[PDB]
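Structure first, commentary second.
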Amino acid sequence: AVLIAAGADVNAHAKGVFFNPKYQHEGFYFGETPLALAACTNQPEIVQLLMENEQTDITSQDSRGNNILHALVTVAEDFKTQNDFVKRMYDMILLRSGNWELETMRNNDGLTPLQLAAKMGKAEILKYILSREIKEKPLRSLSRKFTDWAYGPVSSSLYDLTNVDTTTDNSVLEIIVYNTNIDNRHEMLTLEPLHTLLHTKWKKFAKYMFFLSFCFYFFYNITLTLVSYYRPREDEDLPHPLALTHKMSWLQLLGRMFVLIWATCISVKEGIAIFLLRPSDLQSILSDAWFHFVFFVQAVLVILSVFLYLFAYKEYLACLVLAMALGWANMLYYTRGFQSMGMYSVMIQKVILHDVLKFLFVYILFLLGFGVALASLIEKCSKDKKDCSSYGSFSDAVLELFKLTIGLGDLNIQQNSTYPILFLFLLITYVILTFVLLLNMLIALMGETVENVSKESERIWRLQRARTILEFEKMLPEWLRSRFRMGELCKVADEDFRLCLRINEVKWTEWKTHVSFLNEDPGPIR
Amino acid sequence: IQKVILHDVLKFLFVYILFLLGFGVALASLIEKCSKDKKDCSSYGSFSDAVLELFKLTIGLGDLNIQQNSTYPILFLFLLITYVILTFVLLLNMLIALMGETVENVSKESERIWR
Amino acid sequence: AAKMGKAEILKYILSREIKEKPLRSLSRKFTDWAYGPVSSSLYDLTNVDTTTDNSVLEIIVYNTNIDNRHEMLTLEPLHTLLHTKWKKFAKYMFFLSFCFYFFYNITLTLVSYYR
Amino acid sequence: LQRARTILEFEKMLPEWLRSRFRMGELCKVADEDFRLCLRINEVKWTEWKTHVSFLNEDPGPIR
Ligand SMILES: CCCCCCCC/C=C/CCCCCCCC(=O)O[C@@H](COC(=O)CCCCCCCCCCCCCCC)COP(=O)([O-])OCC[N+](C)(C)C
Ligand SMILES: CCCCCCCC/C=C/CCCCCCCC(=O)O[C@@H](COC(=O)CCCCCCCCCCCCCCC)COP(=O)([O-])OCC[N+](C)(C)C
Ligand SMILES: CCCCCCCC/C=C/CCCCCCCC(=O)O[C@@H](COC(=O)CCCCCCCCCCCCCCC)COP(=O)([O-])OCC[N+](C)(C)C
Ligand SMILES: CCCCCCCC/C=C/CCCCCCCC(=O)O[C@@H](COC(=O)CCCCCCCCCCCCCCC)COP(=O)([O-])OCC[N+](C)(C)C
Ligand SMILES: CCCCCCCC/C=C\CCCCCCCC(=O)O[C@@H](COC(=O)CCCCCCCCCCCCCCC)COP(=O)([O-])OCC[N+](C)(C)C
Ligand SMILES: CCCCCCCC/C=C\CCCCCCCC(=O)O[C@@H](COC(=O)CCCCCCCCCCCCCCC)COP(=O)([O-])OCC[N+](C)(C)C
Ligand SMILES: CCCCCCCC/C=C\CCCCCCCC(=O)O[C@@H](COC(=O)CCCCCCCCCCCCCCC)COP(=O)([O-])OCC[N+](C)(C)C
Ligand SMILES: CCCCCCCC/C=C\CCCCCCCC(=O)O[C@@H](COC(=O)CCCCCCCCCCCCCCC)COP(=O)([O-])OCC[N+](C)(C)C
Ligand SMILES: CCCCCCCC/C=C\CCCCCCCC(=O)O[C@@H](COC(=O)CCCCCCCCCCCCCCC)COP(=O)([O-])OCC[N+](C)(C)C
Ligand SMILES: CCCCCCCC/C=C\CCCCCCCC(=O)O[C@@H](COC(=O)CCCCCCCCCCCCCCC)COP(=O)([O-])OCC[N+](C)(C)C
Ligand SMILES: CCCCCCCC/C=C\CCCCCCCC(=O)O[C@@H](COC(=O)CCCCCCCCCCCCCCC)COP(=O)([O-])OCC[N+](C)(C)C
Ligand SMILES: CCCCCCCC/C=C\CCCCCCCC(=O)O[C@@H](COC(=O)CCCCCCCCCCCCCCC)COP(=O)([O-])OCC[N+](C)(C)C
Ligand code: NA
Ligand code: NA
Ligand code: NA
């Protein structure tokens, strides 16, 4: 305070490399101004000392384009690691300014402080901003939550939907759903305006478009199965019924034509969806774009079986059978619409990654290891000239040890072995390692995985259904988006209309007299 | 028994029949006409026969013969091992793990439901 | 302390930082710089690294008598010192050990199978 | 612990001039005529607020 009165510049910028570090262990980014340093290092007395000085530029902006409110979002962390002082510095600076100028300012990559919290995954600052209700009378215009009426326990609130709904570009809802970088997307969609807004989209249009998507893809797999199972099975009856290369005036020939149309509609539409969303990270393919990738492969093999048919290579029938078996396995995508079967498909994804792939690595090491050792111990079968042993090859001994595991066939030890006791020692050692050890430890490890992901399988399901809703919304035309629009215009303040969303509550603990309602008459008027 | 059938067995039987009828058509349409040996060349000749052979494969009865009348014998073996991994390794072992989750919850309440 | 397995005395001695000015030479941890939250420390490596004989690192790894070796290697100078050895030379020698022993099992399998 | 036993056996077999090349640490003037070959670890703490006395360097950057 002595240096301030003596005339030090309160608007200096620290532009060095230490104050803009490349890595987190190199320096300390705080916002480059002495106002941002006092705010980010938990010194509230120097902050309110600086804001009283009339030379203080509170809307200044650094080299990144950040202001004081962008800088507090960047340094925010959890409750456990840091504290909740960043949430209190955000509130104290905002109420001192008194207008919307800090909240609508955009940095160099074009983000407001509200969009920057959702981009980086700051779940505690984002919870504050969306439900911000100010009871004070002159500063009530800075709120985003308004109490419409109240009577006893019952109350009705209004949430502002300005940049959180998908009417503009880069909404809060769009950034959270499509953010492959952060790893807490499924915790940020439980917030109280974002939870109701997805439930309203599912009731009005998304559940009916999800049922029409199911019926077309079911009929596509029926008419692909029937024209492949009921072929003309002769060499004289050579032409294939698909694409209708011979006109015999057959009724319902469009079923051979509906396959070719709908296969090109898929492979074009799935080639675009892969081309736009390109992850280089492997963990984003298996988490977000598995069914985008596997609907495209199934649709290419149907198209490829036609162009390979006209060249008469007689290898088209390999491509159709792969197209049927992959086609009926893709019907497990449509379990998203139900909660009970949708949480069950999240279990299958976590069990294959964590348990089955570790099992199959160690199993093939034992199968191919004991398979060579048994196969090189059998003599030549020219003494009986046929049928002396079933372990004569490497291909035969691997097949016999695989049937031994799943329990098929019969066990014969009267082989053509050079050493018959050594053949039995290696075979019982195989049964102990696989039947007793590995297959029973697989059950014990799956019970460890199920116990952990049962806490999270509901929130992972709601993230997967939320991605379906926002893709149905992008394809329907513009005049449908005006018809299925959520919210209602509300006279919030003097000449302020904000298109808000209404949510009702009941509270039995907090008793208080009601001031700062909007309406006196507490009913549902009209 | 009442809580296990509702929560575990019916979800298992829905996904199992999708895989059984799905791989059953794919294997059955890959077998040729059996008029070269005139009898007994393949046991996957029909849709009714291939569904029966994949059901005996799950409960462990019979014998596994791969010398079929297939047009493509390596493709027939790839689809058959893919069926064993999905049902014998994945679905039947995850059924045991999910029942242990149900038993742990309803053991707190099974006495009061009985009364 | 490392020979007998005294994990609480050993944690004290390795991270010993004395803020007092005349007795600051008795420390084994020094603050190099600091600015706000961020800071940089220096840990002494006199008898804990494997340059001499009977280091603290060598005694803890090879001590068959005690039964808490895996808790004593999480200490803050001993944890980083093993991570630095793995990045510079140990991971490349571990890959060369794998390739020789893999080729040794291939050429033992092939000359025994194809007699 | 099992990977740590692998690291110390690879270190005993490589020759002496390799051990000088792959050496950890750096000489630091700790006090008056005291050099100790120390190891550097960075931290971030958001709870403990205090003014900083008893640093070694005034300039808080990665010098060179
Ligand atoms: C615990 C139980 C489960 C274990 C599972 C692992 C078991 C491993 C399998 C064990 C048995 C398989 C080998 C037996 C050999 C058969 C004989 C044969 O014909 O050999 C042939 C080669 O063999 C192949 O080409 C195999 C083809 C399948 C490859 C592996 C399946 C991939 C599954 C992935 C699916 C992912 C599922 C999705 C997961 C989410 C060659 O025979 P040949 O002598 O050269 O004769 C000439 C050929 N001719 C006759 C045409 C002219
Ligand atoms: C600290 C302890 C560590 C391990 C200790 C060992 C150290 C490492 C040693 C390793 C092997 C040393 C023996 C090498 C030569 C033997 C091979 C041989 O001659 O075949 C013989 C079998 O012999 C076997 O089956 C032995 C197989 C290993 C058993 C080792 C004990 C494992 C304990 C597990 C449980 C006990 C299992 C008992 C065994 C079933 C018999 O041959 P044949 O088929 O009858 O042929 C007829 C002969 N004719 C054709 C010429 C007419
Ligand atoms: C994990 C293991 C378990 C999996 C279970 C699921 C396995 C699924 C089953 C798999 C195998 C069944 C199909 C094999 C076909 C046999 C051949 C056949 O005859 O086909 C026949 C049809 O087939 C039928 O009609 C089947 C009848 C049973 C229906 C399903 C059982 C309901 C169980 C509910 C009980 C609830 C229990 C209560 C629960 C609390 C027709 O054959 P065809 O060619 O037309 O020949 C002409 C007929 N003729 C000869 C008379 C003239
Ligand atoms: C990012 C990664 C995603 C997946 C990558 C692929 C992308 C999607 C691609 C999809 C299919 C592309 C190939 C289509 C045509 C092949 C069919 C064919 O010709 O039959 C062949 C088999 O060929 C197979 O078995 C391939 C089956 C799919 C294996 C794909 C790898 C899965 C990995 C799982 C583990 C590896 C399994 C290895 C395979 C066992 C052989 O035919 P045949 O029976 O010998 O007949 C004799 C020929 N004759 C009759 C004319 C004389
Ligand atoms: C009021 C509520 C509805 C209002 C709006 C409805 C109009 C819609 C307006 C425009 C939609 C344009 C569709 C684009 C075509 C591309 C084809 C395609 O890829 O499949 C698309 C077809 O799924 C649907 O979109 C269903 C809606 C189409 C219905 C068209 C008219 C109905 C005619 C019939 C009248 C029957 C009458 C019966 C009732 C009387 C979507 O594919 P997907 O499944 O999303 O992708 C696969 C999943 N994946 C993400 C993993 C890859
Ligand atoms: C390209 C072919 C692949 C199959 C080949 C096997 C080798 C491939 C290599 C590795 C195997 C795959 C690793 C598993 C990865 C996750 C699986 C999964 O998504 O779980 C799903 C369970 O529903 C299923 O998809 C289970 C069936 C697996 C494929 C079965 C093969 C079908 C037979 C065809 C035979 C011929 C094949 C012809 C072509 C070769 C549901 O999980 P989720 O929670 O919904 O997560 C998805 C996230 N998302 C919804 C937002 C997107
Ligand atoms: C059925 C199985 C049999 C065997 C199948 C074999 C393979 C099985 C494979 C996978 C298993 C999964 C099977 C998928 C079943 C349907 C898909 C689905 O999820 O539906 C969903 C939506 O569907 C509905 O809304 C219900 C139908 C109402 C009428 C819709 C007609 C649309 C036309 C009218 C418009 C004109 C448009 C035309 C002109 C443009 C169900 O959603 P829900 O949960 O019930 O909704 C309640 C949600 N709530 C609880 C949150 C409030
Ligand atoms: C035992 C006495 C004799 C048997 C009865 C006699 C036969 C009865 C005939 C038909 C009854 C079929 C089931 C309907 C009731 C299910 C209730 C349920 O919880 O399912 C759930 C999902 O379950 C699914 O729906 C997934 C798809 C399975 C196919 C059934 C679709 C129903 C359409 C019928 C087509 C007919 C074809 C059927 C062919 C057999 C409902 O979804 P959810 O509610 O959103 O999620 C639950 C979680 N929550 C409650 C908290 C939200
Ligand atoms: C179906 C068969 C065809 C597929 C085969 C293609 C291979 C690659 C296919 C899919 C990619 C697998 C990794 C996915 C991405 C990482 C995420 C993950 O969940 O990793 C998990 C599995 O990771 C493992 O440890 C697997 C070890 C064996 C891999 C090879 C088995 C091949 C099966 C046939 C063998 C013969 C083939 C020869 C192989 C040389 C790590 O498990 P976790 O401990 O729970 O860690 C938590 C997750 N974390 C890492 C994010 C922290
Ligand atoms: C879900 C799964 C996804 C991935 C699928 C995984 C693959 C599935 C697994 C297996 C499928 C393939 C089995 C049969 C192979 C065909 C025959 C062949 O090529 O062998 C030939 C060469 O064989 C040799 O020379 C001896 C073996 C040398 C290497 C030793 C292997 C041990 C590796 C262990 C460590 C590695 C494992 C580490 C962990 C991964 C000999 O052929 P033959 O028997 O003499 O045939 C005679 C008939 N003929 C005369 C007509 C020609
Ligand atoms: C034995 C075979 C004959 C019966 C078949 C008749 C069908 C209908 C029969 C009985 C009615 C089933 C629902 C009961 C009423 C709801 C209560 C409940 O416990 O739901 C549970 C099961 O709900 C499911 O999710 C089942 C999904 C598959 C249903 C169809 C399987 C048919 C089996 C053969 C396949 C071929 C048939 C083709 C089917 C298209 C929900 O599980 P949860 O997650 O623990 O939820 C907690 C409970 N809650 C919902 C109250 C919150
Ligand atoms: C606990 C359980 C309770 C419920 C019970 C459940 C039922 C039990 C399951 C199965 C029992 C029935 C099995 C055999 C059927 C009898 C034969 C038949 O009708 O097929 C005929 C038509 O077949 C075709 O046209 C090809 C198949 C078309 C549809 C593809 C099915 C895949 C659906 C997957 C998704 C749906 C599943 C989604 C999830 C549910 C052909 O018959 P054939 O072989 O040529 O016969 C020749 C002999 N003959 C000449 C004398 C005539
Ligand atoms: Na059996
Ligand atoms: Na049997
Ligand atoms: Na268990």
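Starting from 1 in every chain, residues are counted up; chains themselves are A, B, ... following the order of the structure tokens, and ligands are numbered from 1 as listed.
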
Specify as an mmCIF file with N, CA and C atoms, in the first residue's frame all residues of chain D found within 9 Å of chain A, counting only C-alpha atoms.
data_model
loop_
_atom_site.group_PDB
_atom_site.id
_atom_site.type_symbol
_atom_site.label_atom_id
_atom_site.label_comp_id
_atom_site.auth_asym_id
_atom_site.auth_seq_id
_atom_site.Cartn_x
_atom_site.Cartn_y
_atom_site.Cartn_z
ATOM 1 N N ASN D 42 9.993 -31.347 -8.502
ATOM 2 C CA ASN D 42 9.118 -30.179 -8.479
ATOM 3 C C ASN D 42 7.785 -30.509 -7.819
ATOM 4 N N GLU D 43 7.151 -29.503 -7.211
ATOM 5 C CA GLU D 43 5.889 -29.689 -6.500
ATOM 6 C C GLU D 43 4.967 -28.503 -6.742
ATOM 7 N N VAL D 44 3.687 -28.692 -6.406
ATOM 8 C CA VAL D 44 2.665 -27.645 -6.408
ATOM 9 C C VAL D 44 1.793 -27.834 -5.171
ATOM 10 N N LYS D 45 1.688 -26.798 -4.336
ATOM 11 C CA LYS D 45 0.902 -26.855 -3.107
ATOM 12 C C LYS D 45 -0.049 -25.673 -3.033
ATOM 13 N N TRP D 46 -1.339 -25.955 -2.864
ATOM 14 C CA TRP D 46 -2.366 -24.924 -2.843
ATOM 15 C C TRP D 46 -2.927 -24.628 -1.466
ATOM 16 N N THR D 47 -2.457 -25.307 -0.422
ATOM 17 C CA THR D 47 -3.046 -25.115 0.899
ATOM 18 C C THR D 47 -2.128 -24.311 1.809
ATOM 19 N N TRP D 49 0.092 -21.605 2.706
ATOM 20 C CA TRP D 49 0.518 -20.286 2.256
ATOM 21 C C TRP D 49 1.464 -19.702 3.290
ATOM 22 N N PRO D 60 13.752 -17.407 -9.887
ATOM 23 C CA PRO D 60 13.067 -18.698 -9.765
ATOM 24 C C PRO D 60 12.911 -19.493 -11.049
ATOM 25 N N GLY D 61 13.654 -19.207 -12.090
ATOM 26 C CA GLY D 61 13.468 -19.918 -13.328
ATOM 27 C C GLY D 61 14.363 -21.131 -13.436
ATOM 28 N N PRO D 62 14.136 -21.917 -14.485
ATOM 29 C CA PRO D 62 15.129 -22.901 -14.953
ATOM 30 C C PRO D 62 16.270 -22.218 -15.703
#

Selection within 6 Å of ligand 7 by only C-alpha atoms and all ligand atoms, output as a PyMOL selection string: chain A and resi 207-208+210-211+214+331-332+334-335+337-338

Among the residues A:451, A:520, A:165, A:379, the one that comes closest to chain C [using only C-alpha atoms]: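 So, comparing all the options, the nearest one is A:379.
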
Distance criterion (only C-alpha atoms and all ligand atoms): nearest to ligand 13 out of B:34, B:26, B:61, B:18: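 Counting only C-alpha atoms and all ligand atoms, the residue closest to ligand 13 is B:61.
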
Shell around residue B:59 at 12 Å using only C-alpha atoms, local window under 6 positions removed, as a list in words: residues 406, 407 and 408 of chain A; 52, 53, 84, 87, 88 and 92 of chain B

Filtering to N, CA, C and O atoms, could you give me those residues as a PDB file, in the first residue's frame?
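Saved file selection.pdb follows:
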ATOM      1  N   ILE A 406     -13.035 -76.994 -23.770  1.00  0.00           N
ATOM      2  CA  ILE A 406     -14.484 -76.815 -23.753  1.00  0.00           C
ATOM      3  C   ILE A 406     -15.234 -78.112 -23.512  1.00  0.00           C
ATOM      4  O   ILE A 406     -16.464 -78.093 -23.415  1.00  0.00           O
ATOM      5  N   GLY A 407     -14.538 -79.235 -23.406  1.00  0.00           N
ATOM      6  CA  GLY A 407     -15.157 -80.450 -22.929  1.00  0.00           C
ATOM      7  C   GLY A 407     -15.862 -81.280 -23.966  1.00  0.00           C
ATOM      8  O   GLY A 407     -16.899 -81.867 -23.662  1.00  0.00           O
ATOM      9  N   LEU A 408     -15.335 -81.365 -25.179  1.00  0.00           N
ATOM     10  CA  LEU A 408     -15.955 -82.145 -26.237  1.00  0.00           C
ATOM     11  C   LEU A 408     -15.078 -83.327 -26.612  1.00  0.00           C
ATOM     12  O   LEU A 408     -13.850 -83.248 -26.544  1.00  0.00           O
TER      13      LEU A 408
ATOM     14  N   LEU B  52     -29.174 -76.302 -33.606  1.00  0.00           N
ATOM     15  CA  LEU B  52     -29.049 -77.413 -32.671  1.00  0.00           C
ATOM     16  C   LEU B  52     -27.591 -77.735 -32.377  1.00  0.00           C
ATOM     17  O   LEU B  52     -27.250 -78.119 -31.255  1.00  0.00           O
ATOM     18  N   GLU B  53     -26.711 -77.574 -33.362  1.00  0.00           N
ATOM     19  CA  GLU B  53     -25.308 -77.899 -33.140  1.00  0.00           C
ATOM     20  C   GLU B  53     -24.612 -76.839 -32.306  1.00  0.00           C
ATOM     21  O   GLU B  53     -23.638 -77.134 -31.609  1.00  0.00           O
ATOM     22  N   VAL B  84     -17.509 -69.192 -29.666  1.00  0.00           N
ATOM     23  CA  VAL B  84     -17.133 -69.799 -28.392  1.00  0.00           C
ATOM     24  C   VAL B  84     -16.609 -68.739 -27.431  1.00  0.00           C
ATOM     25  O   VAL B  84     -16.882 -68.781 -26.229  1.00  0.00           O
ATOM     26  N   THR B  87     -19.697 -66.632 -25.970  1.00  0.00           N
ATOM     27  CA  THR B  87     -20.662 -67.291 -25.096  1.00  0.00           C
ATOM     28  C   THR B  87     -20.016 -68.087 -23.970  1.00  0.00           C
ATOM     29  O   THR B  87     -20.431 -67.967 -22.819  1.00  0.00           O
ATOM     30  N   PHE B  88     -19.018 -68.912 -24.277  1.00  0.00           N
ATOM     31  CA  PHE B  88     -18.399 -69.743 -23.249  1.00  0.00           C
ATOM     32  C   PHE B  88     -17.493 -68.922 -22.344  1.00  0.00           C
ATOM     33  O   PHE B  88     -17.398 -69.187 -21.143  1.00  0.00           O
ATOM     34  N   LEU B  92     -21.286 -66.578 -20.206  1.00  0.00           N
ATOM     35  CA  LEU B  92     -21.557 -67.511 -19.120  1.00  0.00           C
ATOM     36  C   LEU B  92     -20.736 -67.240 -17.875  1.00  0.00           C
ATOM     37  O   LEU B  92     -21.151 -67.650 -16.792  1.00  0.00           O
TER      38      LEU B  92
END

Expected answer as a ChimeraX atom specification: residues within 10 Å of ligand 4, only C-alpha atoms and all ligand atoms: /A:285,293-294,296-298,300-301,304-305,313-323,326 /B:70-79,81-82

Those same residues, written as a compact mmCIF listing (two decimals), in the first residue's frame with N, CA, C and O atoms?
# COMPACT_ATOMS: atom_id res chain seq x y z
N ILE A 285 -11.32 -44.16 -29.89
CA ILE A 285 -12.01 -45.04 -30.83
C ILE A 285 -12.91 -46.02 -30.08
O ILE A 285 -14.09 -46.17 -30.40
N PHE A 293 -17.67 -47.09 -36.68
CA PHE A 293 -16.70 -47.81 -37.49
C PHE A 293 -17.27 -49.12 -37.99
O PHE A 293 -16.96 -49.56 -39.10
N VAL A 294 -18.13 -49.76 -37.21
CA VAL A 294 -18.53 -51.12 -37.52
C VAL A 294 -19.84 -51.13 -38.31
O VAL A 294 -20.24 -52.16 -38.85
N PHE A 296 -19.94 -49.04 -40.83
CA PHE A 296 -19.35 -48.75 -42.13
C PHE A 296 -18.76 -50.00 -42.76
O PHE A 296 -18.88 -50.21 -43.97
N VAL A 297 -18.13 -50.85 -41.95
CA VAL A 297 -17.51 -52.07 -42.45
C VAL A 297 -18.58 -53.04 -42.94
O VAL A 297 -18.40 -53.72 -43.96
N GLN A 298 -19.73 -53.08 -42.26
CA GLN A 298 -20.80 -53.98 -42.66
C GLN A 298 -21.47 -53.51 -43.95
O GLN A 298 -22.01 -54.32 -44.70
N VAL A 300 -19.85 -51.69 -46.38
CA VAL A 300 -18.90 -51.81 -47.48
C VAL A 300 -18.92 -53.22 -48.04
O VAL A 300 -18.90 -53.42 -49.26
N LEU A 301 -19.02 -54.23 -47.17
CA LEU A 301 -18.96 -55.62 -47.60
C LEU A 301 -20.19 -56.02 -48.41
O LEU A 301 -20.13 -56.96 -49.21
N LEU A 304 -19.28 -54.33 -51.75
CA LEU A 304 -18.14 -54.99 -52.36
C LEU A 304 -18.53 -56.34 -52.93
O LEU A 304 -17.93 -56.82 -53.89
N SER A 305 -19.57 -56.96 -52.37
CA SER A 305 -20.00 -58.27 -52.86
C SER A 305 -20.73 -58.15 -54.19
O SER A 305 -20.91 -59.14 -54.90
N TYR A 313 -15.68 -63.72 -59.65
CA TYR A 313 -14.55 -64.28 -58.92
C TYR A 313 -14.95 -65.40 -57.97
O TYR A 313 -14.07 -66.09 -57.46
N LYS A 314 -16.26 -65.56 -57.72
CA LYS A 314 -16.83 -66.60 -56.86
C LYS A 314 -16.28 -66.52 -55.44
O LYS A 314 -16.11 -67.51 -54.73
N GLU A 315 -16.01 -65.29 -55.03
CA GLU A 315 -15.55 -65.00 -53.68
C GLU A 315 -16.51 -64.01 -53.04
O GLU A 315 -16.26 -63.54 -51.93
N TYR A 316 -17.62 -63.69 -53.72
CA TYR A 316 -18.62 -62.78 -53.17
C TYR A 316 -19.32 -63.40 -51.97
O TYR A 316 -19.78 -62.68 -51.08
N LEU A 317 -19.40 -64.72 -51.94
CA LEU A 317 -20.18 -65.41 -50.92
C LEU A 317 -19.45 -65.39 -49.58
O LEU A 317 -20.06 -65.58 -48.53
N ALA A 318 -18.15 -65.14 -49.60
CA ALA A 318 -17.43 -64.90 -48.36
C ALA A 318 -17.77 -63.53 -47.79
O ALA A 318 -17.74 -63.33 -46.57
N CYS A 319 -18.11 -62.58 -48.65
CA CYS A 319 -18.35 -61.22 -48.18
C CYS A 319 -19.79 -61.04 -47.71
O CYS A 319 -20.09 -60.13 -46.93
N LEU A 320 -20.70 -61.90 -48.16
CA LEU A 320 -22.08 -61.79 -47.70
C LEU A 320 -22.25 -62.41 -46.32
O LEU A 320 -23.02 -61.91 -45.50
N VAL A 321 -21.54 -63.50 -46.06
CA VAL A 321 -21.69 -64.20 -44.79
C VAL A 321 -21.07 -63.40 -43.66
O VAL A 321 -21.59 -63.36 -42.54
N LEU A 322 -19.98 -62.68 -43.95
CA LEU A 322 -19.44 -61.74 -42.98
C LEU A 322 -20.38 -60.55 -42.78
O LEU A 322 -20.36 -59.91 -41.73
N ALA A 323 -21.20 -60.25 -43.78
CA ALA A 323 -22.11 -59.11 -43.67
C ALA A 323 -23.35 -59.48 -42.87
O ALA A 323 -23.98 -58.61 -42.26
N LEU A 326 -22.04 -59.98 -38.87
CA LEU A 326 -21.77 -58.69 -38.28
C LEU A 326 -23.02 -57.83 -38.23
O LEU A 326 -23.12 -56.93 -37.40
N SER B 70 -18.13 -77.27 -46.45
CA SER B 70 -18.09 -75.82 -46.57
C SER B 70 -17.45 -75.38 -47.88
O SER B 70 -16.54 -76.04 -48.40
N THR B 71 -17.93 -74.25 -48.39
CA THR B 71 -17.30 -73.63 -49.54
C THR B 71 -15.95 -73.03 -49.16
O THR B 71 -15.01 -73.06 -49.96
N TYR B 72 -15.85 -72.50 -47.94
CA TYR B 72 -14.63 -71.88 -47.44
C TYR B 72 -14.37 -72.45 -46.05
O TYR B 72 -15.09 -72.13 -45.10
N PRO B 73 -13.37 -73.32 -45.91
CA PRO B 73 -13.21 -74.03 -44.63
C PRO B 73 -12.52 -73.21 -43.55
O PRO B 73 -12.70 -73.51 -42.36
N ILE B 74 -11.72 -72.21 -43.91
CA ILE B 74 -11.07 -71.39 -42.90
C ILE B 74 -12.05 -70.35 -42.37
O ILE B 74 -12.04 -70.01 -41.18
N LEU B 75 -12.94 -69.85 -43.23
CA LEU B 75 -13.96 -68.91 -42.79
C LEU B 75 -14.99 -69.58 -41.89
O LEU B 75 -15.57 -68.93 -41.01
N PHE B 76 -15.21 -70.88 -42.08
CA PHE B 76 -16.12 -71.61 -41.22
C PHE B 76 -15.55 -71.76 -39.82
O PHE B 76 -16.28 -71.85 -38.84
N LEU B 77 -14.22 -71.82 -39.71
CA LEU B 77 -13.60 -72.01 -38.41
C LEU B 77 -13.47 -70.69 -37.67
O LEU B 77 -13.50 -70.66 -36.44
N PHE B 78 -13.33 -69.59 -38.41
CA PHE B 78 -13.25 -68.27 -37.79
C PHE B 78 -14.57 -67.89 -37.14
O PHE B 78 -14.59 -67.27 -36.07
N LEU B 79 -15.69 -68.22 -37.78
CA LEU B 79 -16.99 -67.87 -37.22
C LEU B 79 -17.36 -68.78 -36.06
O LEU B 79 -18.21 -68.43 -35.24
N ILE B 81 -15.09 -70.14 -33.76
CA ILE B 81 -14.31 -69.78 -32.59
C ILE B 81 -14.77 -68.44 -32.03
O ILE B 81 -14.74 -68.21 -30.82
N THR B 82 -15.26 -67.56 -32.90
CA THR B 82 -15.84 -66.30 -32.45
C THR B 82 -17.10 -66.53 -31.63
O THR B 82 -17.39 -65.79 -30.69

Atom pair atom 38 (C, counted along the ligand's line) of ligand 11 / atom CA of residue B:9: separation (Å):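 Computing it gives 13.2 Å between the two atoms.
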
Selection: 7 Å around residue B:47, only C-alpha atoms, excl. self and same-chain fewer than 5 positions, as a ChimeraX atom specification: /B:24-25,28

Surrounding residues as a list in words, ligand 2, max 6 Å, only C-alpha atoms and all ligand atoms: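 If we count only C-alpha atoms and all ligand atoms, the neighbours of ligand 2 turn out to be residues 419, 420, 421, 422 and 425 of chain A.
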
Strand (DSSP E or B) per DSSP on the backbone: members of chain C, as a list in words: residues 29, 30, 31, 32, 33, 34, 35, 38, 39, 40, 41, 42 and 43 of chain C

Environment of ligand 8 within 6 Å, counting only C-alpha atoms and all ligand atoms, reported as number ranges by chain: A: 338-341

All residues 10 Å or closer to residue C:26, only C-alpha atoms, same chain fewer than 6 positions away omitted, as a list in words: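 Counting only C-alpha atoms, the residues come to residues 16, 17 and 18 of chain C.
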
Include N, CA and C atoms and write out the residues we just selected as an mmCIF file, in the first residue's frame.
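After the write, again.cif holds the following:
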data_model
loop_
_atom_site.group_PDB
_atom_site.id
_atom_site.type_symbol
_atom_site.label_atom_id
_atom_site.label_comp_id
_atom_site.auth_asym_id
_atom_site.auth_seq_id
_atom_site.Cartn_x
_atom_site.Cartn_y
_atom_site.Cartn_z
ATOM 1 N N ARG C 16 14.869 -34.530 5.413
ATOM 2 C CA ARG C 16 15.144 -33.708 6.584
ATOM 3 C C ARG C 16 15.523 -32.312 6.125
ATOM 4 N N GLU C 17 14.656 -31.346 6.394
ATOM 5 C CA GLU C 17 14.852 -29.969 5.965
ATOM 6 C C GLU C 17 14.789 -29.067 7.183
ATOM 7 N N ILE C 18 15.869 -28.335 7.433
ATOM 8 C CA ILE C 18 15.992 -27.474 8.602
ATOM 9 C C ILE C 18 15.958 -26.029 8.128
#
